[PDB]
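Input: a single structure, listed below in structure tokens.
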Amino acid sequence: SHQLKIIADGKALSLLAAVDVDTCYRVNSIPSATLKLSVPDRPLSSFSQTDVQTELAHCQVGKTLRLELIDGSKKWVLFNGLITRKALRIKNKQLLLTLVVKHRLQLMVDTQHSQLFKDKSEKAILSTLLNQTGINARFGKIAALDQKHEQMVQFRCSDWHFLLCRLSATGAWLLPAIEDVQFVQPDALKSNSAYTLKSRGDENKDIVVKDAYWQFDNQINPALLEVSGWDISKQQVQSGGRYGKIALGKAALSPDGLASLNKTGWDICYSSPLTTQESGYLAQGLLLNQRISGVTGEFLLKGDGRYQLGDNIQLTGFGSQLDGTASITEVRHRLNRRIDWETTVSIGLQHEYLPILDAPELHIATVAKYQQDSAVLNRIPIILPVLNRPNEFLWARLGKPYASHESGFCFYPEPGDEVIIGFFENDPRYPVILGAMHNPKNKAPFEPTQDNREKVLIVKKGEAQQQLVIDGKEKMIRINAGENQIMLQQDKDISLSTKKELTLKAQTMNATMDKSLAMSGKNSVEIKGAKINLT
Amino acid sequence: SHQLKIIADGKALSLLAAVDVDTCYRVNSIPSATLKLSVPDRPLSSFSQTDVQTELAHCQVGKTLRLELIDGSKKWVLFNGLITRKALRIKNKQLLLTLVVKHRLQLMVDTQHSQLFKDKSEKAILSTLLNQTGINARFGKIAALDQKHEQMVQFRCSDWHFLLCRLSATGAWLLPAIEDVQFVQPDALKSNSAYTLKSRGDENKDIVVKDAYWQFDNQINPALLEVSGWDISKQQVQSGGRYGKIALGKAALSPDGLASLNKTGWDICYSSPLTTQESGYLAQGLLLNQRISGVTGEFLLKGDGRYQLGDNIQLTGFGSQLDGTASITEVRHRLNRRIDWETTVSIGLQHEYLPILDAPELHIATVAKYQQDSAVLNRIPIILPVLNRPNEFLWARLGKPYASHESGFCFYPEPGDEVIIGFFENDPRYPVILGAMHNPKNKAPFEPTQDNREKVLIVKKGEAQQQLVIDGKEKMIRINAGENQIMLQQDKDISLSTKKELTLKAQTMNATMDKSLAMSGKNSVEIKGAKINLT
Amino acid sequence: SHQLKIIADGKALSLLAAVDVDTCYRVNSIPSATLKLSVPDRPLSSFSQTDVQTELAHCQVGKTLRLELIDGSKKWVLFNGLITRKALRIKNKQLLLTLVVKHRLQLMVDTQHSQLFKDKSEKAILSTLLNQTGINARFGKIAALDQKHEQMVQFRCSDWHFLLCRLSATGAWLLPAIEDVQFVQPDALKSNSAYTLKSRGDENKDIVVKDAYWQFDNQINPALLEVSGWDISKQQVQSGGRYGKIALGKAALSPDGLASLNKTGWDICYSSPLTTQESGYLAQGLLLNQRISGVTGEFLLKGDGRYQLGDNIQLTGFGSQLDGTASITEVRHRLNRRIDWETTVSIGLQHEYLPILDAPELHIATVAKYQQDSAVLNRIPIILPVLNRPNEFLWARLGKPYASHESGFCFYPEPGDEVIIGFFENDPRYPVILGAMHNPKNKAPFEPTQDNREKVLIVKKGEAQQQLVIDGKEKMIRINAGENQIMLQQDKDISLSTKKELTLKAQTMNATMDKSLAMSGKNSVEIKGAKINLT
């Protein structure tokens, strides 16, 4: 607990001693540090010389930093990360510049870009999310991250804002170490290395404890939680499971216990088509957030600092309400001259996740070319301009007027058409199409006109127009089925106009005209019957 | 003001004396308490024995608690509620465990479930909202709560999050007492019991006052407020009323006065179809929130504590700016040894409501069976899976392409069909349908195909298909009206194919074929006219 | 720095001396003041007399106030604005009433009304936004405010909530002076008046500096930013430009420098149809907010207070990391007796704008009469009831099922029809129509019925109905094209019913009936051919 050294941009510093260090690690967050450091001898008149301004070039913002506290027989490292705030404060004719050093996980909270992960497990997602930034990814045995997605969209949020929105949907911690961040399931954290905290103590081998504190919340505790999502086939709400009572911690320090104030439970019924596997992992994901705020604590220990964010400490010798074993969260350090070196290690975590993943707003999208590899649904492929890649596509269910049992109005839009997409429960994985639009490129066949004469349902490729025209002014219905054949019906008349050949195929036939009748055919008229007569 | 006793889980406590009590009641909130209590004699080595850990089992989280301060000639009760935070803190070789006791109104903020109140007054709503949890409901004479709703949806928010979102839409206070919560209109609170606060004092019968404070805000004050909602019939915006100047308090402590910085007023024009009665009660509901933050105050009194949250105290003898009468809000108590017992009673309240009621996102819904009991509209009944009950139904207006004056494209969806619902101004009482969908259960008649050959408008029950087929590849329009009768029109040809019998009923008739004509009917041909000739 | 005088409601005050003044100006905010003032001699018993309550009538809320500190040879004015909080606090038998004085820019944050600016530049918008309240508008040379809008909607937000949501979309500061607020581009603020801050000092003409502070953030810095919006014609995403590296400040106090932690940059792809000029000004608008939080500082100077919010101060003689020139932001003043008079002037600003402009929710709108002055698009004019003016109209793109290349289902709604509008990326400038509705005024031609017999596509004016009826129960398709002419097709039969005249115009014609054939025409039958025969 003596003589730390600060390596700034690969070069160890000796011009400015540190008068304060506060290193704060934490589960499911970036870890941070804080260096308050000052000059030992240089006055304010002799501060602005060439030697002191040289070292502040090493301390400039964005340079790496690693502070290593030398034990005397070991060399503890405490932090390794980038300078983010360098704030110099000068008063009472002396200066004291603060540093704020942030981990490499703070490199992800900088960016903001939308990206499409189409068919990947979350382990394949979090690999490509951390490899993209430049921090290595150590993994653990997770039962939730081996889960394949048909689509997975990060929609205009940060990379660390997408990260813990996914780590809260699977229920797995983040353990940011010094060299590599590692993921671990909270249940697998048990049976790890175990430092004992005794109320007796009175030994040199035991751990000295000061300022112990623990707190039992029951403000909001679900006793039973289920997350149920829609099933598109066999239209029902299939709940993934009523997952209550997660096994975590040990006796009288478990979040289990602390019985809920309502015995009925909890229920959320998502309307997005979630699978039974995903909503099952989501139910114990949300359950883990509410229960783990129930038991909290902190313990201000001595210096030596071999504690990390994975291990669990047990309380022994205490009262039967206070004893138990729980996983360490949020290791802190402090280095003053008032105190030598301490470690106020803690237990448990808060519930609310600072990230944001959902896009509530409407968008437009161009329908891409044909694809078939989906399951049997009417999902049509779209291209979203908000998504950056114009080559990758998204499935999207089509909303149409009168889509009945087998009797649907089916006019599937052509590739290259513009649509109006909205998202099921604001989820970027589940878009749905609300219509189609015309353009200056894809022109409507008619401008809107005052007392709009014609109302059409015209479908064509440009070589042949198969129309259904209703003229409300001239009181017509023109089935212009092809450009040649018009079946005209006035309000006062009727017609049937052909180009080549007309055909009647019935069993019997009747004609009845009271005023007159005239049949006329040039160049041949034949009338054939087994009994022909004229009356 | 001596010797309070704490009954924890029905058993009065004497092992741990209380070193602090802070009981905070408040209008339109849960009331709370805070007990800091410690052991009188037991050291840390003798803390973990069987006698002390027995009493902490009574102090465990979720147990009821009631603290009763014994006056000596009376027995005041101060609080009755559940333990919610039990936090033990140990430092300097002594421990001091804090309790946080919460009212039975905190039982409602725990839950989160969506529920459908179809046809009930709000008095019938708040009865079934408080009976469901387990707190009795005392009522007062309210002019706003006797208001019937066609629908009323709590959509995935808490019960206390739905409660004051309704108490802010009707403009009525909540008065949480010790034994039963009671509702009261703010205007009916006047002419209640009246404790006088004098600047002269100098008596034993008068009330001793310390640390008086009052504050006059005018940051945002509407001078005139109107809330106007849409009227579906006779399409206009019918405002419920320009309700300004609510009568509350008395002279120079009324929120009236403190003239607005803008004289023009305030206007919100909701697009949801609110009634004229509801938007009238909403206008003085929102007006009550802005004005009541205008005049605020607090008065730190002596011990005896006969003040409750309903009565109003008048100031007399003060300056003519400072005098007046206003309803007591937010009674507090404190019990130290530095002070004996005090009551820092207050006046007025803040404006923002911590609850949340609105669902902005899209959903899907299955259309239920036929119902008729609505007023004359095209509202079709739907079943929402996000709502828990599959038996109860919701009306929903139908969005269709080209719904004109009397000339509408009317294809009302069958019962059992899936729709795309969105909500008018995000209101769960007003859904609207944006389309209909196909399914693996309700299959589309055709898969989407590359260069999609056919475009259909087919309507059927499965025994008979009445179609309107346009084949864009083979350049046809096939009016397959029934499975037998096809009216074919090629791009180069035409046809009219029948099964049984064709009919012509005109006045005159013409046929004109320039290349050839042939009529053929087997087994009989008859031609009848008053003048028959062949040319 | 002696003897300020406070003019309250046009009348200078002398009954109550001021024991504290804190005047806080700030760029892109309202400026404020705070007056703690107390009585010099009047006791509490003699506080409530007629002379002291007279002066508090001048100090009442909403009265104007102007405090003028008299230098002795000059007369500095410091503030001019309205009383907003008057809070009297009385304790220890003495009172000390606080005033909170707010600028005339606080008059705009009061209101909340929706308004439609159809065709105006932002300079013509901010003129009519400040003239409406009653504060004059001084302008500067802005390259962004001379930008014409096809539409511009303030949708149910405050006037100051619409103001800086527009000043952040153009990237121009607000400089609130004492007499007139002035706008200025941040780049044009350079080469202004320049007060030098020296580390040497040691003169009477130089500026005395205490408590200097500066802070370099790099928490979130875009290295390159582009904002790309949709182009309706030639459907693509045309980015306005990759505007990085804004020129502001000078060397070692510029936001340029402090290199980003990610070198890749930043990208947002809006789906709303923004122009190339608007998204270009939006890219340097958002870039200005992130970079200007990078360099911050504050300098506690002496009294005399000739500094204003526009000028820039340079640091000279300091270290080469610390020197530089940057524009003054957030001038403060303090007037105690402990300190004589100070001015803790600052540099740089925070990033997040407290205002709110976007309406995510659905609405309804009545389609207005015909208008033509748009560019070539299918935008149809609507009237929004949420917008206050029923005379002004909004364009809105129409969403229709199957709007293909030139083959669109075109049923443009009549004027006076009700629609379902949603907004592209929640933007009130870009609505889009999702359907049309029936009414009690615009009645559907049929009530929805159980086992709904008929499905119609009927278009009419009331004098003549041109229908397309499919009866699913009676298994018919009735092309009631006009009220007289019905083309009936049963499931077992067919018909063709006319009123006046039928016509066949083909080249060849065939009839084929296997059971029987009968043609009948009363009062005349003619059969004409070049070769007539009967077989």
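Chain labels A, B, ... are given in the sequence in which chains occur in the structure tokens; within each chain residues are numbered consecutively from 1, and ligands are likewise numbered from 1 in the order shown.
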
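Non-sequential neighbours of residue 308 in chain C (distance at most 9 Å, separation of 6 or more positions within a chain, only C-alpha atoms) are residues 177, 328, 329, 330 and 331 of chain C.
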
Residues from last step as file, C-alpha atoms, as a short mmCIF file (atom, residue, chain, number, x, y, z; two decimals), in the first residue's frame:
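What landed in part.cif:
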data_model
loop_
_atom_site.label_atom_id
_atom_site.label_comp_id
_atom_site.auth_asym_id
_atom_site.auth_seq_id
_atom_site.Cartn_x
_atom_site.Cartn_y
_atom_site.Cartn_z
CA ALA C 177 -29.05 41.11 -23.50
CA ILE C 328 -17.68 34.18 -23.31
CA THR C 329 -20.77 32.29 -22.19
CA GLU C 330 -22.79 32.56 -18.96
CA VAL C 331 -21.78 35.78 -17.24
#

If we count only C-alpha atoms and set the cut-off at 7 Å, which residues sit around range 84-99 of chain A, ignoring sequence neighbours fewer than 6 positions away in its own chain? Please answer as a ChimeraX atom specification.
/A:34-38,44,61-62 /C:210-219

Take the selection from the previous step and output its residues with N, CA and C atoms, as a short mmCIF file (atom, residue, chain, number, x, y, z; two decimals), in the first residue's frame.
data_model
loop_
_atom_site.label_atom_id
_atom_site.label_comp_id
_atom_site.auth_asym_id
_atom_site.auth_seq_id
_atom_site.Cartn_x
_atom_site.Cartn_y
_atom_site.Cartn_z
N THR A 34 -10.32 7.99 -11.01
CA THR A 34 -10.23 9.43 -10.83
C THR A 34 -8.91 9.77 -10.16
N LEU A 35 -8.09 10.55 -10.83
CA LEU A 35 -6.78 10.91 -10.34
C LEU A 35 -6.74 12.41 -10.09
N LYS A 36 -6.66 12.80 -8.83
CA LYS A 36 -6.36 14.18 -8.49
C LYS A 36 -4.87 14.24 -8.19
N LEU A 37 -4.15 15.04 -8.97
CA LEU A 37 -2.71 15.09 -8.86
C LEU A 37 -2.25 16.53 -9.01
N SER A 38 -1.12 16.85 -8.39
CA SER A 38 -0.65 18.22 -8.30
C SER A 38 0.87 18.24 -8.37
N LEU A 44 3.50 29.00 -9.47
CA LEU A 44 2.64 29.39 -10.58
C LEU A 44 3.41 30.17 -11.65
N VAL A 61 -5.90 14.60 -23.40
CA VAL A 61 -7.11 13.79 -23.38
C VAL A 61 -7.09 12.81 -24.53
N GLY A 62 -7.42 11.56 -24.23
CA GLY A 62 -7.39 10.50 -25.20
C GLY A 62 -6.18 9.61 -25.14
N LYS C 210 -9.36 35.60 -10.12
CA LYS C 210 -9.36 34.64 -9.02
C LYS C 210 -10.09 33.39 -9.47
N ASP C 211 -9.74 32.25 -8.86
CA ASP C 211 -10.47 30.98 -8.98
C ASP C 211 -10.66 30.53 -10.43
N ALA C 212 -9.58 30.54 -11.19
CA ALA C 212 -9.67 30.11 -12.58
C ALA C 212 -9.86 28.61 -12.66
N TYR C 213 -10.59 28.16 -13.67
CA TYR C 213 -10.92 26.76 -13.84
C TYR C 213 -11.19 26.50 -15.30
N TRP C 214 -10.75 25.35 -15.80
CA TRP C 214 -11.12 24.90 -17.14
C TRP C 214 -11.12 23.38 -17.16
N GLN C 215 -11.87 22.82 -18.11
CA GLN C 215 -12.14 21.39 -18.10
C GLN C 215 -12.28 20.90 -19.52
N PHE C 216 -11.56 19.85 -19.86
CA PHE C 216 -11.54 19.30 -21.21
C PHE C 216 -12.25 17.95 -21.23
N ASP C 217 -13.44 17.92 -21.83
CA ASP C 217 -14.21 16.69 -21.96
C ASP C 217 -13.89 16.03 -23.28
N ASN C 218 -13.92 14.70 -23.29
CA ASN C 218 -13.94 13.92 -24.52
C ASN C 218 -14.84 12.71 -24.37
N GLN C 219 -15.92 12.86 -23.59
CA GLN C 219 -16.79 11.73 -23.28
C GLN C 219 -17.49 11.22 -24.52
#

So how far away is CA of residue 525 in chain C from CA of residue 488 in chain C, in Å?
25.3 Å

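Minimum distance to chain C across A:181, A:382, A:107, A:169 (counting only C-alpha atoms) occurs at A:107.
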
Quick check for you: according to DSSP on this backbone, which residues of range 241-476 of chain B are classed as helix (DSSP H, G or I)? Reply as a ChimeraX atom specification.
/B:276-291

With C-alpha atoms retained, export the selected residues as a tab-separated table (two decimals), in the first residue's frame.
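This went into result-v7.tsv:
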chain	number	residue	atom	x	y	z
B	276	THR	CA	-68.16	17.34	-23.61
B	277	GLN	CA	-68.56	16.20	-20.01
B	278	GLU	CA	-65.15	14.53	-19.78
B	279	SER	CA	-63.18	17.37	-21.36
B	280	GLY	CA	-64.97	19.79	-19.06
B	281	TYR	CA	-63.78	17.89	-15.99
B	282	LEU	CA	-60.35	17.55	-17.58
B	283	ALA	CA	-60.03	21.32	-18.00
B	284	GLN	CA	-60.44	22.08	-14.32
B	285	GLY	CA	-58.37	19.01	-13.54
B	286	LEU	CA	-55.32	20.36	-15.35
B	287	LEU	CA	-56.08	23.86	-14.09
B	288	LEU	CA	-55.99	22.59	-10.51
B	289	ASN	CA	-52.48	21.22	-10.99
B	290	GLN	CA	-50.93	24.43	-12.31
B	291	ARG	CA	-52.63	26.83	-9.91

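By only C-alpha atoms, and with residues fewer than 3 positions from residue 157 in chain A along its chain excluded, the set lying at most 7 Å from it is residues 112, 113, 114, 154, 161, 162, 356 and 357 of chain A.
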
Selection export as a CSV table (one decimal), in the first residue's frame, atoms kept: N, CA, C and O atoms:
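Result file is part-v7.csv:
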chain,number,residue,atom,x,y,z
A,112,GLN,N,-22.8,5.9,-32.3
A,112,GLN,CA,-24.2,5.8,-32.5
A,112,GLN,C,-24.5,5.5,-33.9
A,112,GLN,O,-24.4,6.3,-34.8
A,113,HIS,N,-24.7,4.2,-34.2
A,113,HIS,CA,-25.0,3.8,-35.6
A,113,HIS,C,-25.9,2.6,-35.5
A,113,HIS,O,-25.9,1.8,-34.6
A,114,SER,N,-26.8,2.5,-36.6
A,114,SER,CA,-27.8,1.5,-36.7
A,114,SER,C,-27.2,0.3,-37.5
A,114,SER,O,-26.5,0.6,-38.5
A,154,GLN,N,-30.2,-3.3,-34.1
A,154,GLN,CA,-29.8,-2.2,-33.3
A,154,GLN,C,-30.2,-0.9,-34.1
A,154,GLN,O,-29.7,-0.7,-35.2
A,161,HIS,N,-25.2,1.1,-25.6
A,161,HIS,CA,-26.7,1.2,-25.3
A,161,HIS,C,-27.4,0.0,-25.8
A,161,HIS,O,-28.5,-0.3,-25.4
A,162,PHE,N,-26.8,-0.7,-26.8
A,162,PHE,CA,-27.4,-1.9,-27.3
A,162,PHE,C,-26.9,-3.1,-26.5
A,162,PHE,O,-27.6,-4.1,-26.4
A,356,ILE,N,-30.4,2.4,-23.7
A,356,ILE,CA,-31.7,2.4,-24.5
A,356,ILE,C,-31.4,1.5,-25.7
A,356,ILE,O,-30.3,1.7,-26.4
A,357,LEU,N,-32.2,0.6,-26.1
A,357,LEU,CA,-32.0,-0.3,-27.2
A,357,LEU,C,-32.2,0.4,-28.6
A,357,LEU,O,-32.4,1.7,-28.6

Compile the contact shell of residue 447 in chain A as a ChimeraX atom specification: residues with an atom at most 7 Å away, counting only C-alpha atoms, same-chain residues fewer than 2 positions apart removed.
/A:444,449 /C:378

Strand (DSSP E or B) per DSSP on the backbone: members of range 375-449 of chain A, as a PyMOL selection string
chain A and resi 380-383+394-398+400+403+408-410+418-424+431-437

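Nearest to chain A of all the residues B:136, B:407, B:111, B:293 is B:111, counting only C-alpha atoms.
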
Point-to-point distance from CA of residue 236 in chain A to CA of residue 434 in chain A, Å rounded to tenths:
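If I compute the distance from CA of residue 236 in chain A to CA of residue 434 in chain A, I get 22.9 Å.
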
So that I can check the surroundings of residue 108 in chain B, please list as a PyMOL selection string every protein, DNA and RNA residue that reaches within 9 Å of it, counting only C-alpha atoms and ignoring chain neighbours fewer than 4 positions away.
(chain A and resi 262) or (chain B and resi 104+112+129-130+133+158-161)

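The nearest approach to chain C among the residues B:315, B:220, B:294, B:369, with only C-alpha atoms taken into account, belongs to B:220.
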
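By only C-alpha atoms, and with residues fewer than 5 positions from residue 491 in chain C along its chain excluded, the set lying at most 8 Å from it is residues 464, 481, 482, 483, 484 and 485 of chain B; 475 and 476 of chain C.
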
Based on the selection just made, write C-alpha atoms of those residues as a PDB file, in the first residue's frame.
ATOM      1  CA  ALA B 464     -68.184 -21.063 -53.238  1.00  0.00           C
ATOM      2  CA  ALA B 481     -68.154 -15.036 -59.923  1.00  0.00           C
ATOM      3  CA  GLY B 482     -68.950 -18.351 -58.367  1.00  0.00           C
ATOM      4  CA  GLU B 483     -66.845 -21.356 -59.278  1.00  0.00           C
ATOM      5  CA  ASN B 484     -68.747 -21.986 -62.505  1.00  0.00           C
ATOM      6  CA  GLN B 485     -69.254 -18.616 -64.196  1.00  0.00           C
TER       7      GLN B 485
ATOM      8  CA  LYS C 475     -73.505 -16.165 -54.110  1.00  0.00           C
ATOM      9  CA  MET C 476     -73.791 -13.258 -56.556  1.00  0.00           C
TER      10      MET C 476
END
